[PDB]
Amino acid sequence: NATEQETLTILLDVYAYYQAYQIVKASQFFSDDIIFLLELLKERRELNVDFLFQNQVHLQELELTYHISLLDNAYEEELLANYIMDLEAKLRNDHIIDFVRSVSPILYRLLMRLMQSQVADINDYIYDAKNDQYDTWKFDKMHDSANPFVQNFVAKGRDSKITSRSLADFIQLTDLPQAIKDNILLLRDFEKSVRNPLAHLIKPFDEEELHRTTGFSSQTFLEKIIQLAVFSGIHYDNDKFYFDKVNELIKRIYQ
């Protein structure tokens, strides 16, 4: 017996933008701006950044109207920023298992992005295999490299597959700040200790078990992922959650 507006509020607080969209879209008592804002947030949590740029004109209209930013990055950077928002949302809803499984794709992309900052032509040292198979290092081409970090990588006699693990090791040989390397070393241990087992195994898992296993809270891992992203040139607000900011905007409209 809760009102349409009361239900909207609650869903916002748990970032249930799909459900919040269903309600507002199906009523008459809401602005066109709210349903567009909730369509935007919903498509964000479906990892649809293309929506933001396809409707960039209407997006800039609302930005001018309410004096708020809804898009802080160019397409490539926004892809990664948006994904981390979804990551923080799952964490705030205490979906720890979901959070953990979501770490792998963004970790790989950040690792690749950071390496390109250290070796610009890193694509040339990569054999692109078919979609299922892992890409492989061209160790033979890497010996001829003028890049000092690349040369350090070959001598070990590592295996060819390009995993997040091998990329993590590659980072350690670069001139990136130790804080960046430390975060990556810690996220690499994260992958082995909690992420990889949670793929074939069905085990009880929560925040307390995550902290017990790794020695750190989930918030620490999230913030370290953010620090990697921010250092790589991606803007992410770590003191003011994007979803919370937009939720407050939507609330001030119907309240």
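Don't overthink the numbering: it's just position in the shown sequence, from 1.
Stretches 201-209 and 221-229 differ in mean CA B factor, with 201-209 having the higher one. When the mean C-alpha temperature factors of 48-56 and 26-34 are read from the deposited coordinates, 26-34 comes out higher. Taking only the listed residues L79, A168, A155, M115, the entry reports the highest CA temperature factor at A155. When the C-alpha B-factors of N73, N93, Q151, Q178 are ranked from the entry, the top spot goes to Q151.
Among the modelled residues of the chain, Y83 sits in the lowest third by CA temperature factor in this PDB entry. Looking at the C-alpha B-factors along this chain, the one for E39 belongs to the middle third.
The PDB entry assigns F99 a C-alpha temperature factor belonging to the lowest third of its chain's modelled residues. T163: CA B factor in the middle third of modelled residues in this chain (values from the PDB entry). Per the deposited record, the Cα B-factor of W137 falls in the middle third when ranked against the other modelled residues of its chain.
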